[PDB]
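Input: a single structure, listed below in structure tokens.
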Amino acid sequence: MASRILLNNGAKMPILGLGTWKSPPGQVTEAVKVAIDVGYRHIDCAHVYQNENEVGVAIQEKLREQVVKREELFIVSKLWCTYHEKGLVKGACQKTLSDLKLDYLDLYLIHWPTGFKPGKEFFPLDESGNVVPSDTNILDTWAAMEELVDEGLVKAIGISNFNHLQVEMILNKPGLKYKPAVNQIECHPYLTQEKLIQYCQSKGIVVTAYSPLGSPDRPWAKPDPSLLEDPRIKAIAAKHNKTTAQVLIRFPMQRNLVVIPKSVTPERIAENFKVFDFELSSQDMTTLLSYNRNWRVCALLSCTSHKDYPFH
Ligand SMILES: NC(=O)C1=CN([C@@H]2O[C@H](COP(=O)(O)OP(=O)(O)OC[C@H]3O[C@@H](n4cnc5c(N)ncnc54)[C@H](OP(=O)(O)O)[C@@H]3O)[C@@H](O)[C@H]2O)C=CC1
Ligand SMILES: O=C(O)COc1cc(F)ccc1C(=S)NCc1ccc(Br)cc1F
């Protein structure tokens with residue numbers, strides 16, 4: 001299968017990237033180095049993950065080694081919720097750039113639609129545990145993202161965890177200058193996202209599937225459904241002489257999605273890349289879709305009253 005998808009900014013995005021949430025800072029430099037050595041050309045990052053400096057060390061070393069050229073990499077990061085303010089967006093982007101050892105990002109996303117009170121804390125709470133909102137809306141935040149394109153800091157801008165109506169808000173913005181290139185959302189067989197995907201794809205927005213393996217290392221896991229252990233998925237894998245993870249990665253690829261599995265295990269980083277030499281049948285695809293149960297890895301009770309919280 002073709003390795004890249006065309007975005008609505010004219011650039012091409014690798015359909016398979018390496019996730020970095022939860023990758024320990026003492027492991028992620030090697031993980032990214034290994035990933036680039038074995039063929040990854042897309043790394044998914046975020047300031048809130050607290051490991052961009054270490055991701056950047058890997059990127060810079062592989063550029064310096066001339067393993068890759070900068071033009072061949074596709075580096076994604078995300079604006080955290082406490083930086084939804086006109087006067088904070090550029091500096092947030094620049095901190096990410098400085099940490100990643102880059103002079104531009106290929107794609108910069110609004111990480112969540114909700115803005116929070118600025119300050120040192122990533123989740124400022126009131127004394128009853130509710131997140132403290134910012135008054136700044138997604139349209140004004142989008143305008144600030146557009147400025148980053150116009151300043152050369154980012155080649156593409158997009159959104160993440162935006163629901164149907166929030167995507168529509170963005171698309172209907174008065175004076176919209178750049179459409180979102182991508183909406184990055186949770187997507188896997190237990191949360192198949194058909195409705196949001198069809199909306200987004202119909203508008204030309206590329207969808208990236210996060211937590212494609214069901215985020216088994218998520219910190220709030222309970223002893224919960226498990227994609228990797230689901231014998232029905234294991235059976236499809238066995239039929240194709242592939243691992244369950246490889247099936248879970250190939251699945252979104254055949255839906256015209258980008259997918260960003262995370263690993264810090266070198267053998268798995270390599271395993272997860274070996275997904276371009278087999279095809280799931282239409283029956284396999286429909287069977288995997290049938291496992292939907294509307295189950296989310298990423299949700300957060302403290303944020304559910306924010307006006308712009310995306311999920312119900
Ligand atoms: N925009 C957003 O709001 C969000 C974005 N994301 C992005 O998506 C990425 C992927 O999602 P994430 O939630 O991390 O979870 P994933 O679904 O990618 O699962 C990661 C887990 O699966 C394990 N694993 C990886 N490969 C294999 C394999 N071949 N066999 C068995 N186990 C395997 C990893 O273990 P190990 O590392 O020990 O090998 C880790 O515990 C994130 O890292 C982040 O970049 C995720 C959530 C939210
Ligand atoms: O968010 C990620 O990329 C991965 O997850 C995280 C990664 C981090 F580095 C810190 C917190 C999260 C959490 S708790 N994320 C869920 C979450 C955050 C904000 C809102 Br609005 C809703 C929500 F569901």
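Simple scheme: letters A, B, ... for chains in structure tokens order, numbers from 1 for residues in each chain, numbers from 1 for ligands in the order shown.
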Shell around residue 67 (chain A) at 9 Å using only C-alpha atoms, local window under 6 positions removed, as a ChimeraX atom specification: /A:36-37,61
Identify, on the basis of only C-alpha atoms, every residue whose closest approach to region 189-203 of chain A does not exceed 8 Å; exclude the query and any residue fewer than 2 positions from it along the same chain; express the result as a ChimeraX atom specification. /A:163-164,167,183,186-187,205-207,227,248,288-296
Expressed in Å to a single decimal, how great is the separation between CA of residue 78 (chain A) and CA of residue 11 (chain A)?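 Interatomic distance, CA of residue 78 (chain A) to CA of residue 11 (chain A): 18.3 Å.
The shortest atom-to-atom distance to ligand 2, with only C-alpha atoms and all ligand atoms taken into account, belongs to A:79 out of A:213, A:143, A:237, A:79.
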Ligand 1: which residues are within 7 Å, counting only C-alpha atoms and all ligand atoms? Reply as a VMD selection string. chain A and resid 18 to 23 44 to 45 111 to 112 160 to 161 184 to 186 210 to 218 228 245 to 246 260 to 265 268 to 269 271 to 272 298
Would you put the residues from that selection into a file with N, CA and C atoms, as a short mmCIF file (atom, residue, chain, number, x, y, z; two decimals), in the first residue's frame?
```cif
data_model
loop_
_atom_site.label_atom_id
_atom_site.label_comp_id
_atom_site.auth_asym_id
_atom_site.auth_seq_id
_atom_site.Cartn_x
_atom_site.Cartn_y
_atom_site.Cartn_z
N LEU A 18 4.78 7.02 14.59
CA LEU A 18 5.09 6.53 15.93
C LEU A 18 4.45 7.45 16.98
N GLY A 19 3.64 6.87 17.84
CA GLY A 19 3.11 7.59 18.99
C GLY A 19 4.15 7.71 20.10
N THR A 20 4.02 8.78 20.91
CA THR A 20 4.97 9.08 21.96
C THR A 20 4.35 9.38 23.33
N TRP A 21 3.02 9.35 23.46
CA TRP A 21 2.43 9.55 24.78
C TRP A 21 2.79 8.35 25.66
N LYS A 22 3.32 8.65 26.85
CA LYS A 22 3.71 7.67 27.85
C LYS A 22 5.09 7.09 27.59
N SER A 23 5.74 7.44 26.47
CA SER A 23 7.07 6.92 26.22
C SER A 23 8.03 7.57 27.20
N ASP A 44 4.37 11.36 16.14
CA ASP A 44 3.31 12.12 16.77
C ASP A 44 3.75 12.52 18.19
N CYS A 45 3.73 13.84 18.43
CA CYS A 45 4.28 14.43 19.64
C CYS A 45 3.23 15.33 20.30
N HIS A 111 -4.95 20.44 20.45
CA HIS A 111 -4.93 19.11 21.05
C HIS A 111 -6.32 18.64 21.49
N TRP A 112 -7.04 19.55 22.18
CA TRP A 112 -8.43 19.32 22.55
C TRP A 112 -9.16 20.63 22.28
N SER A 160 -7.90 18.08 16.99
CA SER A 160 -7.86 16.76 17.60
C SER A 160 -8.97 16.71 18.64
N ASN A 161 -9.68 15.56 18.66
CA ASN A 161 -10.78 15.37 19.58
C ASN A 161 -11.91 16.39 19.36
N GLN A 184 -7.45 14.42 14.48
CA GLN A 184 -6.87 13.24 15.13
C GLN A 184 -7.80 12.83 16.26
N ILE A 185 -8.34 11.61 16.19
CA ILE A 185 -9.35 11.13 17.12
C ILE A 185 -9.03 9.70 17.51
N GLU A 186 -9.59 9.28 18.65
CA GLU A 186 -9.44 7.90 19.06
C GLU A 186 -10.20 7.00 18.07
N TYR A 210 -5.84 7.58 16.79
CA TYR A 210 -4.99 7.39 17.94
C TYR A 210 -5.53 6.23 18.80
N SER A 211 -4.64 5.77 19.71
CA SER A 211 -4.89 4.61 20.54
C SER A 211 -5.40 3.41 19.72
N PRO A 212 -4.73 3.10 18.58
CA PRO A 212 -5.27 2.04 17.72
C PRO A 212 -5.20 0.65 18.34
N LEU A 213 -4.34 0.46 19.34
CA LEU A 213 -4.21 -0.79 20.06
C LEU A 213 -5.02 -0.80 21.33
N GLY A 214 -5.81 0.25 21.58
CA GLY A 214 -6.56 0.37 22.80
C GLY A 214 -5.76 0.86 23.99
N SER A 215 -4.60 1.45 23.75
CA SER A 215 -3.84 2.09 24.82
C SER A 215 -3.74 1.20 26.08
N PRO A 216 -3.18 0.01 25.99
CA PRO A 216 -3.13 -0.86 27.17
C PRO A 216 -2.34 -0.23 28.34
N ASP A 217 -1.46 0.69 28.08
CA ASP A 217 -0.65 1.36 29.09
C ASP A 217 -1.31 2.68 29.59
N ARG A 218 -2.43 2.91 29.19
CA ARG A 218 -3.14 4.10 29.68
C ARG A 218 -3.11 4.08 31.22
N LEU A 228 -5.96 -6.27 22.08
CA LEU A 228 -4.87 -7.15 21.75
C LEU A 228 -5.12 -8.58 22.16
N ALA A 245 -1.53 -6.90 16.78
CA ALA A 245 -1.19 -5.50 16.63
C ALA A 245 -1.11 -5.11 15.15
N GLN A 246 -0.51 -5.96 14.31
CA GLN A 246 -0.41 -5.66 12.90
C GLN A 246 -1.80 -5.55 12.26
N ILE A 260 -1.18 5.89 14.40
CA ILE A 260 0.00 6.28 15.16
C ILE A 260 0.22 5.40 16.41
N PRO A 261 0.42 4.08 16.20
CA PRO A 261 0.69 3.22 17.36
C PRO A 261 1.95 3.66 18.11
N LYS A 262 1.86 3.58 19.46
CA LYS A 262 2.99 3.88 20.32
C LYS A 262 3.68 2.60 20.77
N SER A 263 5.03 2.64 20.73
CA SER A 263 5.81 1.64 21.44
C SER A 263 7.16 2.25 21.78
N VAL A 264 7.71 1.76 22.91
CA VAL A 264 9.13 1.96 23.22
C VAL A 264 9.90 0.65 23.17
N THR A 265 9.30 -0.41 22.67
CA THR A 265 9.96 -1.70 22.60
C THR A 265 10.53 -1.85 21.20
N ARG A 268 8.83 -4.32 18.82
CA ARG A 268 7.46 -3.95 18.48
C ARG A 268 7.43 -2.77 17.51
N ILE A 269 8.33 -1.80 17.72
CA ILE A 269 8.43 -0.69 16.79
C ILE A 269 8.61 -1.24 15.37
N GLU A 271 7.89 -4.44 14.35
CA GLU A 271 6.68 -5.23 14.03
C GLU A 271 5.53 -4.34 13.49
N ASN A 272 5.33 -3.29 14.10
CA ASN A 272 4.24 -2.40 13.81
C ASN A 272 4.39 -1.68 12.45
N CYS A 298 -9.71 7.68 25.88
CA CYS A 298 -9.49 9.06 26.30
C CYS A 298 -10.81 9.79 26.49
#
```
Nearby polymer residues, ligand 2, at most 6 Å, only C-alpha atoms and all ligand atoms, as number ranges by chain: A: 48-49, 112, 114, 298-300, 303, 309
Non-local contacts of region 144-158 of chain A (6 Å; only C-alpha atoms; under 4 positions in same chain excluded) as a ChimeraX atom specification: /A:86,104-109,180-182
To one decimal in Å, tell me the separation between CA of residue 297 (chain A) and CA of residue 250 (chain A).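 So the answer is 19.6 Å.
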Per DSSP on the backbone, filter region 114-290 of chain A down to the residues in strand (DSSP E) and report them as a list in words. residues 157, 158, 159, 160, 182, 183, 184, 185, 186, 206, 207, 208, 209, 210, 258 and 259 of chain A
Kindly export the residues of the current selection with N, CA and C atoms, as a PDB file, in the first residue's frame.
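Result file result.pdb:
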```pdb
ATOM      1  N   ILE A 157      -2.048  22.893   9.673  1.00  0.00           N
ATOM      2  CA  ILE A 157      -2.724  22.969  10.958  1.00  0.00           C
ATOM      3  C   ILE A 157      -3.933  22.053  10.937  1.00  0.00           C
ATOM      4  N   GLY A 158      -4.299  21.577  12.133  1.00  0.00           N
ATOM      5  CA  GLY A 158      -5.451  20.727  12.271  1.00  0.00           C
ATOM      6  C   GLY A 158      -5.957  20.721  13.707  1.00  0.00           C
ATOM      7  N   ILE A 159      -6.817  19.740  13.965  1.00  0.00           N
ATOM      8  CA  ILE A 159      -7.584  19.668  15.187  1.00  0.00           C
ATOM      9  C   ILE A 159      -7.507  18.242  15.718  1.00  0.00           C
ATOM     10  N   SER A 160      -7.896  18.076  16.990  1.00  0.00           N
ATOM     11  CA  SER A 160      -7.862  16.764  17.596  1.00  0.00           C
ATOM     12  C   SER A 160      -8.966  16.710  18.644  1.00  0.00           C
ATOM     13  N   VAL A 182      -6.307  17.866   9.229  1.00  0.00           N
ATOM     14  CA  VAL A 182      -6.428  16.609   9.950  1.00  0.00           C
ATOM     15  C   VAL A 182      -7.335  16.834  11.157  1.00  0.00           C
ATOM     16  N   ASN A 183      -8.110  15.804  11.494  1.00  0.00           N
ATOM     17  CA  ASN A 183      -8.723  15.650  12.813  1.00  0.00           C
ATOM     18  C   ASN A 183      -8.196  14.328  13.378  1.00  0.00           C
ATOM     19  N   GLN A 184      -7.447  14.422  14.481  1.00  0.00           N
ATOM     20  CA  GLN A 184      -6.875  13.237  15.126  1.00  0.00           C
ATOM     21  C   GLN A 184      -7.799  12.826  16.260  1.00  0.00           C
ATOM     22  N   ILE A 185      -8.336  11.611  16.188  1.00  0.00           N
ATOM     23  CA  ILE A 185      -9.354  11.132  17.115  1.00  0.00           C
ATOM     24  C   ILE A 185      -9.029   9.698  17.515  1.00  0.00           C
ATOM     25  N   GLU A 186      -9.586   9.283  18.648  1.00  0.00           N
ATOM     26  CA  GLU A 186      -9.442   7.899  19.063  1.00  0.00           C
ATOM     27  C   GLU A 186     -10.205   7.004  18.075  1.00  0.00           C
ATOM     28  N   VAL A 206      -8.337  14.766   6.599  1.00  0.00           N
ATOM     29  CA  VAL A 206      -7.775  13.441   6.857  1.00  0.00           C
ATOM     30  C   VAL A 206      -7.936  13.118   8.346  1.00  0.00           C
ATOM     31  N   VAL A 207      -8.333  11.905   8.658  1.00  0.00           N
ATOM     32  CA  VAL A 207      -8.470  11.482  10.031  1.00  0.00           C
ATOM     33  C   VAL A 207      -7.261  10.631  10.419  1.00  0.00           C
ATOM     34  N   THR A 208      -6.666  10.984  11.579  1.00  0.00           N
ATOM     35  CA  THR A 208      -5.660  10.138  12.218  1.00  0.00           C
ATOM     36  C   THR A 208      -6.298   9.418  13.399  1.00  0.00           C
ATOM     37  N   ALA A 209      -6.094   8.104  13.430  1.00  0.00           N
ATOM     38  CA  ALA A 209      -6.558   7.232  14.509  1.00  0.00           C
ATOM     39  C   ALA A 209      -5.477   7.114  15.578  1.00  0.00           C
ATOM     40  N   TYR A 210      -5.837   7.581  16.789  1.00  0.00           N
ATOM     41  CA  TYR A 210      -4.991   7.395  17.943  1.00  0.00           C
ATOM     42  C   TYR A 210      -5.528   6.231  18.802  1.00  0.00           C
ATOM     43  N   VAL A 258      -4.805   7.731   8.784  1.00  0.00           N
ATOM     44  CA  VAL A 258      -3.454   7.684   9.315  1.00  0.00           C
ATOM     45  C   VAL A 258      -3.532   7.003  10.697  1.00  0.00           C
ATOM     46  N   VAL A 259      -2.481   6.306  11.108  1.00  0.00           N
ATOM     47  CA  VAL A 259      -2.522   5.599  12.382  1.00  0.00           C
ATOM     48  C   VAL A 259      -1.153   5.735  13.061  1.00  0.00           C
TER      49      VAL A 259
END
```
Give me every alpha helix (DSSP H) residue in region 93-150 of chain A, going by DSSP on the backbone, as a list in words.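 Restricting region 93-150 of chain A to alpha helix (DSSP H) produces residues 93, 94, 95, 96, 97, 98, 99, 100, 138, 139, 140, 141, 142, 143, 144, 145, 146, 147, 148, 149 and 150 of chain A.
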Proximity to residue 255 (chain A) - best of A:7, A:34, A:15, A:110, only C-alpha atoms: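 Nearest candidate to residue 255 (chain A) out of A:7, A:34, A:15, A:110: A:15.
Nearest to residue 249 (chain A) of all the residues A:267, A:52, A:279, A:71 is A:279, counting only C-alpha atoms.
Nearest-residue note for residue 129 (chain A): choosing from A:305, A:232, A:253, A:2, the minimum distance belongs to A:305, counting only C-alpha atoms.
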When you look at residue 247 (chain A) with a cut-off of 9 Å (counting only C-alpha atoms), what residues show up, excluding the ones that are within fewer than 5 positions of it in the same chain? I need them as a VMD selection string. chain A and resid 233 to 234 236 to 237 240 242 275 280
